[PDB]
file query18.cif (mmCIF, C-alpha atoms and all ligand atoms)
data_upload
loop_
_atom_site.group_PDB
_atom_site.id
_atom_site.type_symbol
_atom_site.label_atom_id
_atom_site.label_comp_id
_atom_site.auth_asym_id
_atom_site.auth_seq_id
_atom_site.Cartn_x
_atom_site.Cartn_y
_atom_site.Cartn_z
ATOM 1 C CA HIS W 8 7.133 9.872 11.599
ATOM 2 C CA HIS W 9 3.514 11.156 12.111
ATOM 3 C CA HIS W 10 2.334 11.139 8.398
ATOM 4 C CA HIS W 11 -0.013 8.085 8.823
ATOM 5 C CA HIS W 12 -3.130 10.393 9.148
ATOM 6 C CA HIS W 13 -2.653 11.553 5.478
ATOM 7 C CA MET W 14 -3.212 7.906 4.364
ATOM 8 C CA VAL W 15 -4.848 7.589 0.879
ATOM 9 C CA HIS W 16 -6.313 4.412 -0.729
ATOM 10 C CA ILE W 17 -4.240 3.851 -3.910
ATOM 11 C CA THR W 18 -5.396 1.545 -6.764
ATOM 12 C CA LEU W 19 -3.389 0.503 -9.850
ATOM 13 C CA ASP W 20 -4.396 1.654 -13.362
ATOM 14 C CA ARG W 21 -4.467 -1.483 -15.693
ATOM 15 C CA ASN W 22 -4.330 0.777 -18.789
ATOM 16 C CA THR W 23 -0.833 2.146 -17.873
ATOM 17 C CA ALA W 24 0.688 -1.284 -17.131
ATOM 18 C CA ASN W 25 3.412 -2.958 -19.176
ATOM 19 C CA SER W 26 1.612 -5.740 -21.124
ATOM 20 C CA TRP W 27 3.353 -8.541 -19.060
ATOM 21 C CA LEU W 28 1.982 -7.326 -15.695
ATOM 22 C CA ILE W 29 -0.859 -8.989 -13.795
ATOM 23 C CA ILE W 30 -2.879 -6.592 -11.621
ATOM 24 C CA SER W 31 -5.135 -8.279 -9.035
ATOM 25 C CA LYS W 32 -8.962 -7.964 -9.192
ATOM 26 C CA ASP W 33 -8.896 -5.485 -6.225
ATOM 27 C CA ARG W 34 -6.265 -3.378 -8.117
ATOM 28 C CA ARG W 35 -4.024 -3.477 -4.988
ATOM 29 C CA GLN W 36 -1.311 -5.994 -6.144
ATOM 30 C CA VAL W 37 0.890 -6.270 -9.249
ATOM 31 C CA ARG W 38 3.352 -8.963 -10.378
ATOM 32 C CA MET W 39 5.372 -9.999 -13.462
ATOM 33 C CA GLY W 40 3.495 -12.526 -15.632
ATOM 34 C CA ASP W 41 5.087 -15.438 -17.542
ATOM 35 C CA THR W 42 4.186 -13.882 -20.942
ATOM 36 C CA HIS W 43 2.222 -11.063 -22.628
ATOM 37 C CA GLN W 44 -1.081 -10.829 -20.668
ATOM 38 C CA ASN W 45 -3.355 -10.715 -23.766
ATOM 39 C CA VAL W 46 -4.253 -6.959 -23.663
ATOM 40 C CA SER W 47 -4.296 -4.405 -26.573
ATOM 41 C CA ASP W 48 -1.423 -1.885 -26.822
ATOM 42 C CA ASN W 49 -2.078 1.810 -26.090
ATOM 43 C CA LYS W 50 0.008 5.011 -25.777
ATOM 44 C CA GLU W 51 -0.218 4.891 -21.909
ATOM 45 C CA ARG W 52 1.572 1.517 -21.440
ATOM 46 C CA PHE W 53 5.211 1.482 -20.285
ATOM 47 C CA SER W 54 6.886 -0.520 -23.123
ATOM 48 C CA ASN W 55 10.474 -1.201 -21.974
ATOM 49 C CA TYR W 56 10.095 -1.868 -18.234
ATOM 50 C CA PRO W 57 7.652 -3.649 -15.876
ATOM 51 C CA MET W 58 6.076 -0.352 -14.675
ATOM 52 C CA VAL W 59 2.485 0.727 -13.808
ATOM 53 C CA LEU W 60 0.882 3.924 -12.366
ATOM 54 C CA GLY W 61 -1.696 4.395 -9.609
ATOM 55 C CA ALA W 62 -5.099 5.657 -10.819
ATOM 56 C CA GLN W 63 -5.089 8.608 -8.375
ATOM 57 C CA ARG W 64 -3.789 12.064 -9.509
ATOM 58 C CA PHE W 65 -2.523 14.536 -6.847
ATOM 59 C CA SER W 66 -2.134 18.316 -7.495
ATOM 60 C CA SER W 67 -2.331 19.573 -3.831
ATOM 61 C CA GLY W 68 -2.169 18.437 -0.195
ATOM 62 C CA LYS W 69 -0.392 15.789 1.807
ATOM 63 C CA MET W 70 -0.650 12.077 0.856
ATOM 64 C CA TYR W 71 0.773 8.887 2.416
ATOM 65 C CA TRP W 72 0.673 5.230 1.347
ATOM 66 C CA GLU W 73 2.593 1.955 2.042
ATOM 67 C CA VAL W 74 3.890 -0.748 -0.294
ATOM 68 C CA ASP W 75 4.904 -4.353 0.593
ATOM 69 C CA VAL W 76 8.200 -5.427 -1.117
ATOM 70 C CA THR W 77 8.697 -8.738 0.830
ATOM 71 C CA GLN W 78 11.261 -11.135 -0.760
ATOM 72 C CA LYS W 79 11.799 -9.043 -3.912
ATOM 73 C CA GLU W 80 15.358 -8.627 -5.357
ATOM 74 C CA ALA W 81 14.556 -5.530 -7.503
ATOM 75 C CA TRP W 82 11.876 -2.786 -7.655
ATOM 76 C CA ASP W 83 11.392 0.986 -8.078
ATOM 77 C CA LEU W 84 8.802 3.005 -6.014
ATOM 78 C CA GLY W 85 7.745 6.627 -5.737
ATOM 79 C CA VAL W 86 5.730 9.231 -7.699
ATOM 80 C CA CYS W 87 5.957 10.677 -11.177
ATOM 81 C CA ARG W 88 4.425 13.389 -13.356
ATOM 82 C CA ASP W 89 1.269 12.303 -15.195
ATOM 83 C CA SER W 90 3.100 13.283 -18.482
ATOM 84 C CA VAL W 91 6.260 11.083 -18.097
ATOM 85 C CA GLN W 92 7.548 9.277 -21.219
ATOM 86 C CA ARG W 93 6.029 5.761 -21.594
ATOM 87 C CA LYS W 94 7.873 4.343 -24.674
ATOM 88 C CA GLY W 95 11.553 3.508 -25.145
ATOM 89 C CA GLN W 96 14.525 3.842 -22.791
ATOM 90 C CA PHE W 97 14.795 6.518 -20.063
ATOM 91 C CA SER W 98 16.401 7.081 -16.613
ATOM 92 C CA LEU W 99 14.396 7.638 -13.416
ATOM 93 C CA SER W 100 15.347 11.227 -12.417
ATOM 94 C CA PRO W 101 13.594 14.452 -11.379
ATOM 95 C CA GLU W 102 14.621 15.980 -14.757
ATOM 96 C CA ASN W 103 12.481 13.245 -16.454
ATOM 97 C CA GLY W 104 9.587 13.690 -13.937
ATOM 98 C CA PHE W 105 10.273 10.861 -11.416
ATOM 99 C CA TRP W 106 10.862 10.960 -7.607
ATOM 100 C CA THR W 107 11.818 7.364 -6.749
ATOM 101 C CA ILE W 108 14.022 4.952 -4.772
ATOM 102 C CA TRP W 109 14.954 1.423 -5.756
ATOM 103 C CA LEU W 110 16.557 -1.859 -4.858
ATOM 104 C CA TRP W 111 18.992 -3.352 -7.412
ATOM 105 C CA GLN W 112 21.810 -5.917 -6.942
ATOM 106 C CA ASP W 113 21.715 -5.826 -3.136
ATOM 107 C CA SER W 114 21.979 -1.976 -2.902
ATOM 108 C CA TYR W 115 19.298 0.694 -2.271
ATOM 109 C CA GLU W 116 19.584 4.009 -4.190
ATOM 110 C CA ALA W 117 17.572 7.223 -4.666
ATOM 111 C CA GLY W 118 16.753 8.157 -8.289
ATOM 112 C CA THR W 119 18.734 11.415 -8.404
ATOM 113 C CA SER W 120 20.991 12.111 -11.456
ATOM 114 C CA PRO W 121 23.439 10.630 -10.763
ATOM 115 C CA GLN W 122 21.872 8.182 -8.266
ATOM 116 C CA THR W 123 22.494 8.512 -4.504
ATOM 117 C CA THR W 124 23.518 5.602 -2.201
ATOM 118 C CA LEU W 125 21.005 4.902 0.610
ATOM 119 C CA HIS W 126 22.176 3.684 4.067
ATOM 120 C CA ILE W 127 19.658 0.996 5.145
ATOM 121 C CA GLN W 128 20.652 -1.213 8.173
ATOM 122 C CA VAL W 129 17.304 -3.161 8.211
ATOM 123 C CA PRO W 130 16.209 -4.387 4.703
ATOM 124 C CA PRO W 131 12.621 -3.091 4.424
ATOM 125 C CA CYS W 132 9.638 -5.418 3.849
ATOM 126 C CA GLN W 133 7.271 -2.360 3.609
ATOM 127 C CA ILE W 134 8.015 1.213 2.392
ATOM 128 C CA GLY W 135 6.007 4.322 3.352
ATOM 129 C CA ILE W 136 5.780 7.147 0.767
ATOM 130 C CA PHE W 137 4.876 10.704 1.825
ATOM 131 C CA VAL W 138 4.149 13.559 -0.667
ATOM 132 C CA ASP W 139 3.645 17.215 0.358
ATOM 133 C CA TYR W 140 2.647 18.875 -2.933
ATOM 134 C CA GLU W 141 2.833 22.495 -1.732
ATOM 135 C CA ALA W 142 6.175 22.017 0.111
ATOM 136 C CA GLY W 143 7.763 20.185 -2.859
ATOM 137 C CA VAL W 144 8.710 17.095 -0.729
ATOM 138 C CA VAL W 145 8.745 13.333 -1.370
ATOM 139 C CA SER W 146 9.910 11.203 1.593
ATOM 140 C CA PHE W 147 10.456 7.439 2.003
ATOM 141 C CA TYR W 148 10.176 5.549 5.321
ATOM 142 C CA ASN W 149 11.292 2.027 6.432
ATOM 143 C CA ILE W 150 8.131 0.591 8.071
ATOM 144 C CA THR W 151 10.122 -2.602 9.103
ATOM 145 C CA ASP W 152 12.542 -0.316 11.124
ATOM 146 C CA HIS W 153 9.935 1.651 13.204
ATOM 147 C CA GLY W 154 9.343 4.142 10.351
ATOM 148 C CA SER W 155 12.983 5.347 10.071
ATOM 149 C CA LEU W 156 13.713 7.861 7.279
ATOM 150 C CA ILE W 157 15.223 6.418 4.094
ATOM 151 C CA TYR W 158 15.362 9.512 1.837
ATOM 152 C CA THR W 159 13.808 12.995 1.331
ATOM 153 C CA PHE W 160 13.628 14.738 -2.075
ATOM 154 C CA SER W 161 13.194 18.448 -1.285
ATOM 155 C CA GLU W 162 12.811 21.511 -3.530
ATOM 156 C CA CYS W 163 10.895 19.244 -5.928
ATOM 157 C CA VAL W 164 9.596 20.921 -9.128
ATOM 158 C CA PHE W 165 6.588 18.642 -9.820
ATOM 159 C CA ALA W 166 5.413 20.796 -12.784
ATOM 160 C CA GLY W 167 2.169 18.763 -13.142
ATOM 161 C CA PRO W 168 -0.258 16.341 -11.448
ATOM 162 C CA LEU W 169 1.523 13.423 -9.712
ATOM 163 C CA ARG W 170 0.711 9.710 -9.913
ATOM 164 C CA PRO W 171 1.908 6.858 -7.679
ATOM 165 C CA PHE W 172 4.690 4.986 -9.582
ATOM 166 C CA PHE W 173 5.658 1.255 -9.384
ATOM 167 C CA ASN W 174 8.207 -1.052 -11.051
ATOM 168 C CA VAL W 175 8.030 -4.780 -10.095
ATOM 169 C CA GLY W 176 11.466 -5.260 -11.719
ATOM 170 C CA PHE W 177 12.799 -7.914 -14.110
ATOM 171 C CA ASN W 178 12.815 -11.623 -13.151
ATOM 172 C CA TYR W 179 15.850 -12.908 -15.137
ATOM 173 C CA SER W 180 17.102 -14.582 -11.863
ATOM 174 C CA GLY W 181 13.874 -16.450 -10.950
ATOM 175 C CA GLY W 182 14.155 -14.821 -7.529
ATOM 176 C CA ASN W 183 12.053 -11.675 -8.207
ATOM 177 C CA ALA W 184 8.531 -13.022 -9.047
ATOM 178 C CA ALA W 185 6.899 -11.754 -5.800
ATOM 179 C CA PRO W 186 4.315 -8.960 -6.147
ATOM 180 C CA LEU W 187 4.261 -5.339 -5.026
ATOM 181 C CA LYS W 188 1.196 -4.973 -2.690
ATOM 182 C CA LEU W 189 -0.544 -1.788 -1.494
ATOM 183 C CA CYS W 190 -0.879 -2.350 2.325
ATOM 184 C CA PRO W 191 -4.178 -1.651 4.102
ATOM 185 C CA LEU W 192 -4.744 1.598 6.087
HETATM 186 O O1 LIG M 201 11.801 -10.023 -16.450
HETATM 187 S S1 LIG M 201 11.854 -11.159 -17.339
HETATM 188 O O2 LIG M 201 12.307 -12.394 -16.769
HETATM 189 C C1 LIG M 201 10.268 -11.418 -18.098
HETATM 190 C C2 LIG M 201 9.912 -10.224 -18.945
HETATM 191 N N1 LIG M 201 10.861 -10.055 -20.046
HETATM 192 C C3 LIG M 201 10.310 -9.171 -21.086
HETATM 193 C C4 LIG M 201 9.782 -7.858 -20.628
HETATM 194 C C5 LIG M 201 8.579 -7.454 -20.180
HETATM 195 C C6 LIG M 201 8.682 -6.068 -19.861
HETATM 196 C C7 LIG M 201 9.970 -5.711 -20.144
HETATM 197 O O3 LIG M 201 10.648 -6.806 -20.630
HETATM 198 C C8 LIG M 201 12.153 -9.591 -19.515
HETATM 199 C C9 LIG M 201 12.844 -10.700 -18.730
#
call {"tool": "encode", "arguments": {"input": "query18.cif", "output": "structure tokens", "more": "lines below"}}
Ligand SMILES: O=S1(=O)CCN(Cc2ccco2)CC1
result
Amino acid sequence: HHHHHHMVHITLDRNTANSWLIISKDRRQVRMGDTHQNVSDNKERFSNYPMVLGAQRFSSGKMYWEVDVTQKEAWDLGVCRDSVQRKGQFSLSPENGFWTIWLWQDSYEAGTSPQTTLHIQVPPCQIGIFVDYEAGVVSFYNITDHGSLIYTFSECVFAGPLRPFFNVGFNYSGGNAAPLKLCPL
């Protein structure tokens, strides 16, 4: 692809994080902590899942960023509406305001309802995310495989400002502690 020139510098918003997440000082990395991270509760925090939002809000234009997923077993990545539900149980779907892909139990899937199987020959270590607000497009690229397309959501109905969306995943197995990292431009 040729989306690299729309690169944006994303930072994580501490205030939206699940209370067990540890966001690095530079606000570019996030990982699952061993316990509650000693923060007050607020209506922004994701309660049920290890999720956090980027600080940036997008309502126009073309945006691109890259995330490092090296050695993780589970994660969700994409964008979501600023107004998505934070508390309780919910599914990642466009109807709920999410445009995402994920890894879970050795399979990659796009967060459609119901979910769509992805065909990835080279397990990615870094994912590129492209958003064209006007066109209604969210695309995912495999940076490990020369930028090959993973998935395009088209005819998106954003219906609000978008925020970068992250889930570090659960670590029941002891094999999913590694962080998500925002890769340099
Ligand atoms: O992933 S875990 O090993 C450590 C965190 N716990 C509690 C927790 C935090 C957020 C959602 O649920 C689940 C099992």
call {"tool": "residues_around", "arguments": {"input": "query18.cif", "residues": "residue W:150", "least_positions_apart": "6", "cutoff": "8 Å", "atoms": "only C-alpha atoms", "output": "compact mmCIF listing (two decimals) with C-alpha atoms, in the frame of the given file"}}
result
# COMPACT_ATOMS: atom_id res chain seq x y z
CA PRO W 131 12.62 -3.09 4.42
CA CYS W 132 9.64 -5.42 3.85
CA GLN W 133 7.27 -2.36 3.61
CA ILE W 134 8.02 1.21 2.39
CA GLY W 135 6.01 4.32 3.35
call {"tool": "resolve_selection", "arguments": {"input": "query18.cif", "expression": "the PyMOL selection byres (((not hetatm)) within 7 of (chain M and resi 201))", "output": "PDB file with C-alpha atoms, in the frame of the given file"}}
result
ATOM      1  CA  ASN W  25       3.412  -2.958 -19.176  1.00  0.00           C
ATOM      2  CA  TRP W  27       3.353  -8.541 -19.060  1.00  0.00           C
ATOM      3  CA  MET W  39       5.372  -9.999 -13.462  1.00  0.00           C
ATOM      4  CA  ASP W  41       5.087 -15.438 -17.542  1.00  0.00           C
ATOM      5  CA  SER W  54       6.886  -0.520 -23.123  1.00  0.00           C
ATOM      6  CA  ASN W  55      10.474  -1.201 -21.974  1.00  0.00           C
ATOM      7  CA  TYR W  56      10.095  -1.868 -18.234  1.00  0.00           C
ATOM      8  CA  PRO W  57       7.652  -3.649 -15.876  1.00  0.00           C
ATOM      9  CA  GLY W 176      11.466  -5.260 -11.719  1.00  0.00           C
ATOM     10  CA  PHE W 177      12.799  -7.914 -14.110  1.00  0.00           C
ATOM     11  CA  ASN W 178      12.815 -11.623 -13.151  1.00  0.00           C
ATOM     12  CA  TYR W 179      15.850 -12.908 -15.137  1.00  0.00           C
TER      13      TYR W 179
END
call {"tool": "closest_residue", "arguments": {"input": "query18.cif", "among": "W:18, W:112, W:67, W:120", "to": "residue W:141", "atoms": "only C-alpha atoms"}}
result
W:67
call {"tool": "resolve_selection", "arguments": {"input": "query18.cif", "expression": "the PyMOL selection byres (((chain W and resi 183) around 10) and not hetatm)", "output": "list in words"}}
result
residues 38, 39, 78, 79, 80, 81, 82, 175, 176, 177, 178, 179, 180, 181, 182, 184, 185 and 186 of chain W
call {"tool": "residues_around", "arguments": {"input": "query18.cif", "residues": "residue W:60", "least_positions_apart": "2", "cutoff": "6 Å", "atoms": "all atoms listed in the file", "output": "PyMOL selection string"}}
result
chain W and resi 20+171-172
call {"tool": "resolve_selection", "arguments": {"input": "query18.cif", "expression": "the PyMOL selection byres (((chain W and resi 114-116) around 12) and not hetatm)", "output": "short mmCIF file (atom, residue, chain, number, x, y, z; two decimals) with C-alpha atoms, in the frame of the given file"}}
result
data_model
loop_
_atom_site.label_atom_id
_atom_site.label_comp_id
_atom_site.auth_asym_id
_atom_site.auth_seq_id
_atom_site.Cartn_x
_atom_site.Cartn_y
_atom_site.Cartn_z
CA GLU W 80 15.36 -8.63 -5.36
CA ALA W 81 14.56 -5.53 -7.50
CA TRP W 82 11.88 -2.79 -7.66
CA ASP W 83 11.39 0.99 -8.08
CA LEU W 84 8.80 3.00 -6.01
CA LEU W 99 14.40 7.64 -13.42
CA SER W 100 15.35 11.23 -12.42
CA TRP W 106 10.86 10.96 -7.61
CA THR W 107 11.82 7.36 -6.75
CA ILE W 108 14.02 4.95 -4.77
CA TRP W 109 14.95 1.42 -5.76
CA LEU W 110 16.56 -1.86 -4.86
CA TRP W 111 18.99 -3.35 -7.41
CA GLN W 112 21.81 -5.92 -6.94
CA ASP W 113 21.72 -5.83 -3.14
CA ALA W 117 17.57 7.22 -4.67
CA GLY W 118 16.75 8.16 -8.29
CA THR W 119 18.73 11.42 -8.40
CA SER W 120 20.99 12.11 -11.46
CA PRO W 121 23.44 10.63 -10.76
CA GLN W 122 21.87 8.18 -8.27
CA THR W 123 22.49 8.51 -4.50
CA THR W 124 23.52 5.60 -2.20
CA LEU W 125 21.00 4.90 0.61
CA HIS W 126 22.18 3.68 4.07
CA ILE W 127 19.66 1.00 5.14
CA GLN W 128 20.65 -1.21 8.17
CA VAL W 129 17.30 -3.16 8.21
CA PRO W 130 16.21 -4.39 4.70
CA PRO W 131 12.62 -3.09 4.42
CA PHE W 147 10.46 7.44 2.00
CA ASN W 149 11.29 2.03 6.43
CA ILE W 157 15.22 6.42 4.09
CA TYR W 158 15.36 9.51 1.84
#
call {"tool": "residues_around", "arguments": {"input": "query18.cif", "residues": "residue W:70", "least_positions_apart": "4", "cutoff": "9 Å", "atoms": "only C-alpha atoms", "output": "ChimeraX atom specification"}}
result
/W:10-15,65,136-140
call {"tool": "axis_aligned_box", "arguments": {"input": "query18.cif", "around": "stretch 79-92 of chain W", "padding_each_side": "5 Å", "output": "JSON"}}
result
{"center_x": 8.3, "center_y": 2.2, "center_z": -12.6, "size_x": 24.1, "size_y": 32.4, "size_z": 27.3}
call {"tool": "atom_distance", "arguments": {"input": "query18.cif", "atom1": "atom CA of residue W:19", "atom2": "atom CA of residue W:72"}}
result
12.8 Å
call {"tool": "closest_residue", "arguments": {"input": "query18.cif", "among": "W:23, W:42, W:146, W:174", "to": "residue W:94", "atoms": "only C-alpha atoms"}}
result
W:23
call {"tool": "closest_residue", "arguments": {"input": "query18.cif", "among": "W:36, W:191, W:170, W:153", "to": "residue W:87", "atoms": "all atoms listed in the file"}}
result
W:170
call {"tool": "atom_distance", "arguments": {"input": "query18.cif", "atom1": "atom CA of residue W:145", "atom2": "atom CA of residue W:29"}}
result
27.3 Å
call {"tool": "atom_distance", "arguments": {"input": "query18.cif", "atom1": "atom CA of residue W:168", "atom2": "atom CA of residue W:142"}}
result
14.4 Å
call {"tool": "closest_residue", "arguments": {"input": "query18.cif", "among": "W:151, W:90, W:161, W:47", "to": "residue W:75", "atoms": "only C-alpha atoms"}}
result
W:151
call {"tool": "decode", "arguments": {"input": "query18.cif", "residues": "stretch 96-136 of chain W", "atoms": "C-alpha atoms", "output": "PDB file, in the first residue's frame"}}
result
ATOM      1  CA  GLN W  96     -20.514  -7.039  28.342  1.00  0.00           C
ATOM      2  CA  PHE W  97     -20.698  -6.208  24.607  1.00  0.00           C
ATOM      3  CA  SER W  98     -19.554  -7.591  21.204  1.00  0.00           C
ATOM      4  CA  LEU W  99     -17.116  -5.776  18.900  1.00  0.00           C
ATOM      5  CA  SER W 100     -19.266  -5.003  15.807  1.00  0.00           C
ATOM      6  CA  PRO W 101     -20.063  -2.020  13.568  1.00  0.00           C
ATOM      7  CA  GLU W 102     -23.614  -1.985  15.048  1.00  0.00           C
ATOM      8  CA  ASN W 103     -21.994  -1.264  18.483  1.00  0.00           C
ATOM      9  CA  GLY W 104     -19.551   1.327  16.991  1.00  0.00           C
ATOM     10  CA  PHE W 105     -16.357  -0.769  16.505  1.00  0.00           C
ATOM     11  CA  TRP W 106     -14.270  -1.496  13.345  1.00  0.00           C
ATOM     12  CA  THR W 107     -11.716  -4.077  14.526  1.00  0.00           C
ATOM     13  CA  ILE W 108      -9.750  -7.280  13.842  1.00  0.00           C
ATOM     14  CA  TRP W 109      -8.386  -9.685  16.420  1.00  0.00           C
ATOM     15  CA  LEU W 110      -6.276 -12.692  17.227  1.00  0.00           C
ATOM     16  CA  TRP W 111      -7.860 -15.365  19.469  1.00  0.00           C
ATOM     17  CA  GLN W 112      -6.985 -19.080  19.891  1.00  0.00           C
ATOM     18  CA  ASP W 113      -4.620 -19.208  16.909  1.00  0.00           C
ATOM     19  CA  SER W 114      -7.148 -17.657  14.429  1.00  0.00           C
ATOM     20  CA  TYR W 115      -7.458 -14.088  13.058  1.00  0.00           C
ATOM     21  CA  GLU W 116     -10.988 -12.662  12.554  1.00  0.00           C
ATOM     22  CA  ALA W 117     -12.624  -9.354  11.561  1.00  0.00           C
ATOM     23  CA  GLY W 118     -15.192  -7.954  14.034  1.00  0.00           C
ATOM     24  CA  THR W 119     -18.234  -8.169  11.742  1.00  0.00           C
ATOM     25  CA  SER W 120     -21.518  -9.629  13.145  1.00  0.00           C
ATOM     26  CA  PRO W 121     -21.078 -12.526  12.858  1.00  0.00           C
ATOM     27  CA  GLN W 122     -17.249 -12.456  12.729  1.00  0.00           C
ATOM     28  CA  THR W 123     -15.359 -13.101   9.464  1.00  0.00           C
ATOM     29  CA  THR W 124     -12.384 -15.517   9.110  1.00  0.00           C
ATOM     30  CA  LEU W 125      -9.144 -13.818   7.959  1.00  0.00           C
ATOM     31  CA  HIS W 126      -6.633 -15.650   5.692  1.00  0.00           C
ATOM     32  CA  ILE W 127      -3.152 -14.759   7.039  1.00  0.00           C
ATOM     33  CA  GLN W 128      -0.178 -16.870   5.723  1.00  0.00           C
ATOM     34  CA  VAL W 129       2.490 -14.831   7.656  1.00  0.00           C
ATOM     35  CA  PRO W 130       1.547 -14.206  11.361  1.00  0.00           C
ATOM     36  CA  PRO W 131       1.947 -10.418  11.718  1.00  0.00           C
ATOM     37  CA  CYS W 132       4.338  -8.838  14.255  1.00  0.00           C
ATOM     38  CA  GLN W 133       3.096  -5.306  13.257  1.00  0.00           C
ATOM     39  CA  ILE W 134      -0.350  -4.210  11.945  1.00  0.00           C
ATOM     40  CA  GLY W 135      -1.017  -1.051   9.897  1.00  0.00           C
ATOM     41  CA  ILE W 136      -4.432   0.642  10.321  1.00  0.00           C
TER      42      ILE W 136
END
